[PDB]
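Q: Residue numbers (the entry's author numbering): 16 to 223.
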Amino acid sequence: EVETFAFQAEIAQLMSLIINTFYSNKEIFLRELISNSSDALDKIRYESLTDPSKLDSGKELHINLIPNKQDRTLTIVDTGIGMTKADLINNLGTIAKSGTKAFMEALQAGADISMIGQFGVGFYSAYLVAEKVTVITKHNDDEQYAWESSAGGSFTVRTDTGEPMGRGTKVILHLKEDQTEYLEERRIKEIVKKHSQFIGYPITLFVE
Ligand SMILES: Cc1ccc(Sc2cc(C(=O)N3Cc4ccccc4C3)ccc2O)cc1C
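1) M180: beta carbon under 7 Å from a heavy atom of ligand 1?
2) How big is the Cα-Cα spacing for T99 and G135?
3) Starting from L80 and walking both ways along the alpha helix (DSSP H), at which residues does that stretch end?
4) Judging by CA-CA distance, which residue of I151, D156 and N83 is the nearest neighbour of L70?
5) Starting from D54 and walking both ways along the alpha helix (DSSP H), at which residues does that stretch end?
6) From the DSSP secondary-structure annotation, give me the bridge partner or partners of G183.
7) Taking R182 as the reference, which of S72, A111 and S50 has the closest Cα?
8) What do you reckon, are the CB atoms on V144 and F44 nearer than 8 Å?
9) By DSSP, does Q23 sit in helix, in strand, or in coil?
10) Tell me, to the nearest whole angstrom, how far the beta carbon of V186 is from that of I91; I am working on the premise that it is less than 8 Å.
11) Determine, using beta carbons only, whether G137 and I131 come nearer to each other than 8 Å.
12) By the DSSP assignment, the alpha helix (DSSP H) with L198 in it spans what residues?
13) Any idea what DSSP makes of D102, helix, strand or coil?
14) Check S164 in the structure and name its three-state DSSP category.
15) Kindly identify the DSSP beta-bridge partner or partners of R173.
16) Would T88 and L188 be called neighbours here (beta carbons separated by less than 8 Å)?
17) Among all the DSSP beta bridges, which residues are the ones paired with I91?
18) Heavy atom of ligand 1 less than 7 Å from the Cβ of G95, yes or no?
19) Can you confirm whether the segment 100-115 touches the segment 24-42 when touching is taken to mean that 3 or more C-beta pairs between the two stretches lie within less than 8 Å?
See below:
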C-alpha cells in the first residue's frame, strides 16, 4: 500500500527552483548527499556509545557509491542511523521550511545554489541531476520504508519489501538523460576528491 503526500509549499517552491534555474555546477549534489550520509553515520556512532545494542543491526560504518549504466542510476548507500516514517512524512519537512526560506532569501541577496547545505536542505540538490529520487531507509525499531518523488509537488512512502538493509539509507538517483556523466568512474572520483576529501568514513566507489 502506497501513501501519497504533498510537499509543503515552500519545499515544492525550492524543488521547482532547483529544477528550473539555469545553473551549470550540478556536481555539488554528490557532496550534499555524502554529507548527509556522514551526519547519519556520526549519529548512530554517537548513540551507540550509550546503547551499544543500536549496532546490532550492523557494526560497519561506511558509504558506498554504486553506478549502474543500464538502469541509469547512481546509488549512495550508508549504514547510518536511518530515518523513521515520522522523519519522512512530517518532521523533516518542518525543519526544511525554515531552512528553505532562509536559503530563498540568501539566493536573492546574491548567494549561490552551492550554499544549499548551509540551510539544511542539501538533499533537494539531487534534483539538479535526477528526474526521480528513490530513498530506501531503515531506522532501528521502525520498518524499512521507500520514499520516492519525481517532484511535481508530491512524494510517496511505502513499507519496503525489497532487500533488507539492516540499518541505514540508500539514495537511488534516476538520472536525467543528459546527466549520465555521473555514472563514469573518472567523473565520480573527480567529484569526491574535490568536494568530499575529508569525510571520516570509508567511501567505496563501485565500478561495473
Ligand atoms: C526527507 C529526506 C531527508 C534527507 C534525505 S537524504 C539522506 C538522508 C540520510 C539519513 O538517513 N539521515 C540523515 C541525517 C543527518 C543527521 C542525523 C540523522 C540523519 C538521517 C542519509 C543520507 C542521505 O543522503 C532524504 C529524504 C527523503
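For each residue, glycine too, the CB sits at the ideal point set by N, CA and C.
A: Reading off the structure:
1) It does not: the Cβ of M180 is nowhere closer than 7 Å to a heavy atom of ligand 1.
2) Cα to Cα, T99 sits roughly 18 Å from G135.
3) Element bounds for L80: not the alpha helix (DSSP H) but the beta strand (DSSP E), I78 to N83.
4) Nearest of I151, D156 and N83 to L70, Cα basis: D156.
5) Counted as a single uninterrupted DSSP element, the alpha helix (DSSP H) harbouring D54 occupies residues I43 to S63.
6) DSSP output for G183 lists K153 as bridge partner(s).
7) For the residues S72, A111 and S50, the minimum Cα distance to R182 belongs to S72.
8) Their beta carbons are under 8 Å apart, which means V144 touches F44 by this criterion.
9) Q23 carries a coil assignment under DSSP once its states are collapsed to helix, strand and coil.
10) Sure, about 5 Å apart at Cβ, within 8 Å.
11) The Cβ atoms of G137 and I131 lie closer than 8 Å to each other.
12) For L198, no alpha helix (DSSP H) run applies, since DSSP gives it neither H nor E.
13) Three-state DSSP puts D102 in a helix.
14) In the structure shown, the three-state DSSP call for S164 is strand.
15) Beta-bridge pairing links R173 to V17 and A161.
16) For the 8 Å CB-CB criterion, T88 and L188 form a contact.
17) DSSP, once it has assigned bridges, lists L80 and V186 as partnering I91.
18) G95 Cβ: within cutoff of ligand 1.
19) Contact between the segment 24-42 and the segment 100-115 is established, with three or more Cβ pairs separated by less than 8 Å.
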